[PDB]
Protein chains: 6
Amino acid sequence: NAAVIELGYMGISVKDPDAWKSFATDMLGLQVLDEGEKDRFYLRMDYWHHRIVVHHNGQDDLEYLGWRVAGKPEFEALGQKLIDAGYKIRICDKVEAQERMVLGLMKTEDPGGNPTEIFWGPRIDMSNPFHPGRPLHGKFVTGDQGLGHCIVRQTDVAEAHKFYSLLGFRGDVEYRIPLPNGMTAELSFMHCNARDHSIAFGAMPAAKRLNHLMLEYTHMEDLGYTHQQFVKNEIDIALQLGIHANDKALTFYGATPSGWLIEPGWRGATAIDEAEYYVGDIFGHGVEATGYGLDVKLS
Amino acid sequence: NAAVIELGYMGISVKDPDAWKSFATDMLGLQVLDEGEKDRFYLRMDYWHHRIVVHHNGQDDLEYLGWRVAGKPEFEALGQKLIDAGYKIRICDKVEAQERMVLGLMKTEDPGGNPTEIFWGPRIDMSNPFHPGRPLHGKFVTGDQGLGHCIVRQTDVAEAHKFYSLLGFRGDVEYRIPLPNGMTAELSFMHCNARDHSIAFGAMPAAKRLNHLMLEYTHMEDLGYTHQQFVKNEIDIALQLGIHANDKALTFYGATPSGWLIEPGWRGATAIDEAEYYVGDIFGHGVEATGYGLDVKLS
Amino acid sequence: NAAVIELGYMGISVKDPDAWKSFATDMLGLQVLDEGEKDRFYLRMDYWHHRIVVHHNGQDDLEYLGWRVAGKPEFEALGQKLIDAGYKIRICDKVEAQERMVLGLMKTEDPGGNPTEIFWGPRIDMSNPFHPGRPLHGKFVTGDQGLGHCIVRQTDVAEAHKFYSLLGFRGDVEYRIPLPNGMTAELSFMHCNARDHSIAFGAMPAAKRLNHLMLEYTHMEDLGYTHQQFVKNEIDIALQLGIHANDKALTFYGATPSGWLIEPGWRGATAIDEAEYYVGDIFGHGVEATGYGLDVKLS
Amino acid sequence: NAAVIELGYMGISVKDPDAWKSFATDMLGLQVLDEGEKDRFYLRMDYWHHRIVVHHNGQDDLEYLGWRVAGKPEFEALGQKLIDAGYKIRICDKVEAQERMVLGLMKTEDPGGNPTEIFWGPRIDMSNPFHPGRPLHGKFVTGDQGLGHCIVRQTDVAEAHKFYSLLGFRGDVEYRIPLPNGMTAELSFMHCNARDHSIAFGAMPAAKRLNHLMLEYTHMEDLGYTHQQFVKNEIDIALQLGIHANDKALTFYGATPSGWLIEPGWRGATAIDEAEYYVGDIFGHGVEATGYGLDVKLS
Amino acid sequence: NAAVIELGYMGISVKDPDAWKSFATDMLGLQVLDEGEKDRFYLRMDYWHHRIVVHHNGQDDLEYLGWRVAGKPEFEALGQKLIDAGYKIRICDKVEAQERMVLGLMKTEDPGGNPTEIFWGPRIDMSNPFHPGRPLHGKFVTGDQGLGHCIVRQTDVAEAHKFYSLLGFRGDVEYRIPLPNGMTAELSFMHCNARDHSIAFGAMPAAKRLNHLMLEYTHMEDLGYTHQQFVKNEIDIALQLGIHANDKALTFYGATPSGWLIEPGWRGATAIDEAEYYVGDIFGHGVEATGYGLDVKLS
Amino acid sequence: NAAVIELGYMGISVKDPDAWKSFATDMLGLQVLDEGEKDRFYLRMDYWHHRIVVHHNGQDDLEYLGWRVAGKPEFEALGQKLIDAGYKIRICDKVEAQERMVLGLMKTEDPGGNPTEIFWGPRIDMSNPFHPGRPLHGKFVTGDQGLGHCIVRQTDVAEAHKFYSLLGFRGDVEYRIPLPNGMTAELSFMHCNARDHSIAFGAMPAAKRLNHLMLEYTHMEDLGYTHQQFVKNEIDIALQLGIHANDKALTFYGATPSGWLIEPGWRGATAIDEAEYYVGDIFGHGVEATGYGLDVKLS
Ligand SMILES: [Fe+2]
Ligand SMILES: [Fe+2]
Ligand SMILES: [Fe+2]
Ligand SMILES: [Fe+2]
Ligand SMILES: [Fe+2]
Ligand SMILES: [Fe+2]
Ligand SMILES: [Mg+2]
Ligand SMILES: [Mg+2]
Ligand SMILES: [Mg+2]
Ligand SMILES: [Mg+2]
Ligand SMILES: [Mg+2]
Ligand SMILES: [Mg+2]
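Residues numbered from 1 in each chain as written, not as in the entry; some residues may be left out. Chains lettered and ligands numbered in written order. Part of a larger assembly, values for the part shown. Heavy atoms only, no water.

Structure determination for this PDB entry was carried out by X-ray crystallography, with a resolution of 1.69 Å recorded in the header.

Written out as structure tokens, the structure reads:
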């Protein structure tokens, strides 16, 4: 049946666009595309016109997540499914769709208050191959796996699960992390394609909608050089290099100019439909800088 | 639809835990994990926290079989299917689920009286790779094929088949073995994944719930060394090395300290949905020690 | 340069041809070919007219080993190499070559007194496919690996090595086996193609030229059924099922009607040019019947 | 022609054997084998009886490197080659060969004074599979690539190159590293098989024969866990995680109890015969702890 | 060293060119190329300008075989080899080379009197793809295997073998065929590339230089349709469909308008350097029409 | 033996460096590297520090071709080979080698007067991945095939062939092109690795040393976009898109700012050692702009 198939794009808003352009290009290798618009620019990772929209005059947080469906029949079926289950949606007119550069667009909000968009028909600029903002050994892993994954704030995990399950995602609690206070932190991870997960969440308080965004390189050499760029430029590393037990990627977590975290990574594992859980990482991800919502002992 | 996907774990109870630890490690290569609990320890075969729970103060028999489903949606669908067909089940609370180290758990009994558990979300310790209790050339075959297979006692084969069929298993009578008394022994074999079978049974009387447990090595060299360990230690071999016509594995059957049989093996064939039957083994499995419920001529 | 490329054929002489025909067909699956000759018959394993010649009125021992070279240029080069190094050879005339069914033939004796023949151009009966003397799951491993391997008697290992090295073989001591008397038994193993070895020897006394002949099945099921045939017919098994550390095949050693041993096997490893040695088997090969020159503890 | 084919074994001497046993097992995953000898024990990495001999009462440095040749013909040819070129060698008697557990042994010293042994016929314990001293996800990369690589002290690079070239190695200067004093450090790297290099050296002063030993894991997860073990145990890391431009492995450099460095690594590239050079690493290998002969800026 | 690498071209002379054009196109699928020359036309099988030259006003027999060498260095080395061994050759001038459309050409005669040419640098018309003279399912097997194979007349097999061996061919007697008169017919087969053989011969009397030419289709369907064309047109079939024991191709032998035989075939086996012989075909090749030099019982 | 293995680098001199930087980046996608030197800059195509050196104040022509050998042993052997055959060479000192950024360098001139350099040990900047001067779908084909190929001026083809043959190249006349005046233009093509050819030449008069340089893209899309860039910018196209019969690449020929031609291409075929020749292209390469030394009808 009709389901979301990838995380297609995301919009963020920032207080310092100039800092973001330098950060995205030099530290990460993303491509900056400026179409001369007064209030925004774009970041590219592949042939798509863009994967991230960076709005100016902002709040240093997530503005929207854009989830792709295969085509108009799936768009319409999913819209009606959401309406029938009691969710509030709005089908956008052509001007709004053109703003996002998509053929069809609807807007809603997830149960945690995160603005959520569902669309079909992204604009692909095959004439304009990706050209990274610094030299790269490789490129990014996108394609059928979409742009990456995020953890976002939720207030009720069961409600969030219900919503994303309706959209076609699968998954549940995969981490039960012991905390010094004696409690346990539970995090749930959900997939909609071969990427281990595309969205994840728990019930931890959070000042921002977005906890982190993970972007995946094809080559280990690019991940390593990115890590070095963070160290040389003295950018906060919240979690050191390590490998989580679910996605099995080599990754670290570092500060963006907006204060939420980017997780550059390499060698993510294929999603599995069979639920299991873990109580720690395979190695690493030790805490270094704190204050980023990830002061947990993963070992 | 919703179905059992593997034999996930099993619990046994023993009169002599010390003998079992030495047996499991030296004779078989399993890993002993002791979490300091007064009444039990664990045996590992792979990344799962455990595959076998060994309870003390016991009856030298099977305590429960734990069957895995993919996730919560399948768990709930299967529970309702069992209720609708007239079977008695109990959904366990968090304390009971935590005892088994699973995210969701229900308890029932099969038609032969064997305690049967259905669960989702096993605990996987990716941080703690399998470390066998003796040096091994290889490891065990688990993964999508679960821990192994068992033959268990039944009083009514048709009723047992009905139950396991509802759980999603497939299979029927595969062996019709001539007996000297002129009768025929019929054994049925059922699969839920690529392992040739996970559960099997006939209508033969049996003092114990468990007839045998089969564990599969990846390497022939480990099977051979295990066989040698049984011979050198003068442990009863009930059936000598041979190959059954259905699962096509090289195996032998030897006594455990509890009196039921372990069947170490190598090179099991992929399960097939097309039913057929056989009247003898390919070779071997000659009777040596008797008194173990397998005094049959397989040739 | 010119070298021997395989063990092509062998001739044996027997006191009881009728017993040998039944043994070869029923116990091993070889094909008997009788061309109506008063004093001999043939055993086939593949498309070659034959691999073993069985002479009547015999001594229950090896008569000759026939080693193949690629063609006439290699035959002539090797002959001259042997002459130059001081060995005595005789190039056979057409009648003698026709007896062996080869295009070119020379006769000599190895340093241990074993009659040795070098030939080119075997007769292949492509019109007459192998038809085993009992039903087989598979066939034999021959082709570029020749018929099998043998251990034969030698009185001076260094001299034997010199001879076989000149013929193009490679290898050296691979087993140093501790003996109860405190000594060590050293055995050397030499290859001329991908079969782990084709000829092997040590300095142990021996009543016969031939210690054993190894024949390799393509299928484990045929090895197992052969083993069962020996057990059911109460034929002496000198060494039980096991795996040697060099050739890595699953094999056992059983009595032939002539008193020397046959070693049926399966899954032999590829020969390696890098010399190493071992002090025991991987598993098995325990002594059962004694008196066959292999009363050694291989573990 | 005759050439060295791998780094087969090495001998070291230590002041604190107990510390070394704990280090090798817990920090690296090597297997300790103690044969009850008063003055030494062994470390295993694979089926070889051992790869490293650890002598007691020592100097906390390298004692010998053992280089393998394929067999006796290569051993003898290489010996004569060394003699003809003016080097001093000694062919060892059986007692000395048995000490090293090899079939043939010769002793010499390289131009830098490093004791060098050439041997054929290592002892392989196929009956005794590797069993790591801590749980491992994988195993080590050995086989045709030998045990690993080392950098050792030399006083004259041209002379060292001449010697190793005669032994069959290939390679030359691959790194020209700028130094603050305005000079350049040149390091040469030589291979004898598919491992990027087995021996390397420059003309830098050094208090010890051995600068570092590199051991390669099959799995990234084991490298990462080893790195974590060094951090958690507060063991000096001389060079942080990084990738050199020649061997292309992910590696770090850490202190051993003897004061020279171990370089655990993963994913080494295949050796190439075409010489090239580099002036920096791909990423990482930043200096952390100093005093280990590697205070160079690799970037 | 320098060797012939393929049968590149052949020249024939015919009494009836019109009949030959119809035969080659309709019966075989060859392509006729007429360059407007008064005395000859060409037959193509692939991208080469031609593979067969058909001269008018002829003798209904072979005129020359053209054997290719890789380049000028091999041409010159082979010429000198022939001169040194006592053979008479002539290096052709540019006009003669241009006649054959080659870069270098020499002319000689084999020991049986067959005009033999050795050349390098054939003309390839990549602009002019093969276009068969009738519709074909597939194409011909040429490439590294050259145009096909022939049997030609010889008066002294040993002398012929000496000559072709000098040119770089390998092979010897492969068939010993019993004849009713009690004799044996011996035929020798020699290869210079992966085609089972390119030239073959025995000592049988023959009115023509050429006994047969074999051409190989890529598709069985084309062989079958060709066979049908011979039957429907009532063209003599000398040997019915069958498979020879050496080349293992499905083939039949049919009359050409010139009276010698064409052997269309499919699925020829790869040449082997190891000599063996056979005394019959695998099946078929029964005699039908006689008078073509192949009245032998192959079974 | 010792041979050249690739076209490693080339040096050109130009009158207009600014025009060349824009041309190389925008029209071709090469990377400009400027090290701040007053008289030159570099063009990159891969990890090598550079492949082309662009000298200022120049003659708008080739300055030198740099041919790579595997290492110092090959360098020294080739030098002595050249000296023994009567050619004049000079082994360069360290300053001259450092200028070219190589470990060893010698200078000579080919028989046509083209400055020729032979070197070992290029500088590879693995830390600095290729970053094209415009967005590219793919990258360039270099690696074991070197930078590309060139046609250069010669006055005596036989002499040129002798020289390049000594260096280890293979090949001969591959094109015989009919000319309206009734003559034939012969061009010879020589390879030293898998690239169809690396150097080619005939005896046509030429105002410049360099006729053309061919650079090969991995992706057809980049070739096509480059072609479009030439059309849109109204740059002379001397030969339109087409495919030559030898190298089988899709290519066109366009003017550089220096007046000699660049041949961007895609899908070149593997070099073959077997000489053949052609009299036309497969398609295309029609003449458009004239005056570039390629006014020939290739069809
Ligand atoms: Fe993440
Ligand atoms: Fe079983
Ligand atoms: Fe054997
Ligand atoms: Fe290293
Ligand atoms: Fe033929
Ligand atoms: Fe070109
Ligand atoms: Mg998941
Ligand atoms: Mg079944
Ligand atoms: Mg061997
Ligand atoms: Mg190297
Ligand atoms: Mg042949
Ligand atoms: Mg060429």
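J.: Whenever I open this one, the domain arrangement of chain A confuses me. Can you help?
T.: When the parts of a complex come together, some accessible area is lost, and that lost area is often taken as the interface size. All names here are of chain A. Here the domain parsing of chain A yields domain 1 (1–135) and domain 2 (136–299). A C-alpha centroid distance of 20 Å is found between domain 1 and domain 2. When domain 1 packs against domain 2, the two sides together hide about 3,900 Å² of surface, and 65% of this comes from carbon and sulfur. When the buried surface of domain 1 facing domain 2 is broken down by residue, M27, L28 and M45 rank first, second and third, together holding 15% of it. Linking domain 1 with domain 2 are 0 salt bridges. Linking domain 1 to domain 2 there are 22 residue pairs in polar contact. Looking at the side of domain 1 that touches domain 2, the elements that each hand over two or more residues are β1 (4–13), α1 (17–28), β5 (61–69), α2 (72–84), β7 (102–109) and β8 (115–122). By residue number, the principal contributor to the side of domain 1 that touches domain 2 is β1, which donates 9 residues. The residue inventory of the side of domain 1 that touches domain 2, partitioned by class, reads 29 nonpolar, 9 polar and 11 charged. (Domains from an automatic or database assignment. Buried area = accessible area lost by both parts, 1.4 Å probe. Salt bridge = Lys/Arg side-chain N within 4 Å of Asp/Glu carboxyl O. Polar contact = N/O pair within 3.5 Å; in protein donor to acceptor, adjacent residues only side chain to side chain. Helix = DSSP H or I, 4+ residues; strand = E, 2+ residues; numbered from the N terminus. Nonpolar A, V, L, I, M, F, W, Y, C, P; charged D, E, K, R; others polar.)

J.: I'm lost on the interface of chain A and chain B in this one. Help?
T.: The interface of chain A with chain B comprises 15 residues on the first partner and 19 residues on the second. For the pair chain A and chain B, the summed buried area comes to about 1,300 Å², and 59% of that belongs to carbon and sulfur atoms. Looking at the side of chain A facing chain B, the largest losses of area belong to A:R170, A:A275 and A:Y277, adding up to 40% of the total buried there. Between B:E74 and A:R170 there is a salt bridge whose closest N-O contact spans 2.8 Å. Counting the contacts that link chain A with chain B gives 6 residue pairs in polar contact. (Contact = heavy atoms within 4.5 Å.)

J.: Looking at this structure, I do not really get the relation of the copies chain A and chain B. What am I missing?
T.: Mapping between the two copies of the chain is achieved by a rotation about an axis and a shift along the axis. By a simple turn and slide, chain A fits onto chain B: the slide is 0.0 Å along the axis, the RMSD is 0.0 Å, and the turn is 90°. Classification of the inter-copy transformation places it as that of a four-fold axis. Closest approach to the rotation axis among the C-alpha atoms of chain A is made by A:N1, whose C-alpha sits 10 Å away. (Least-squares fit on C-alpha atoms.)

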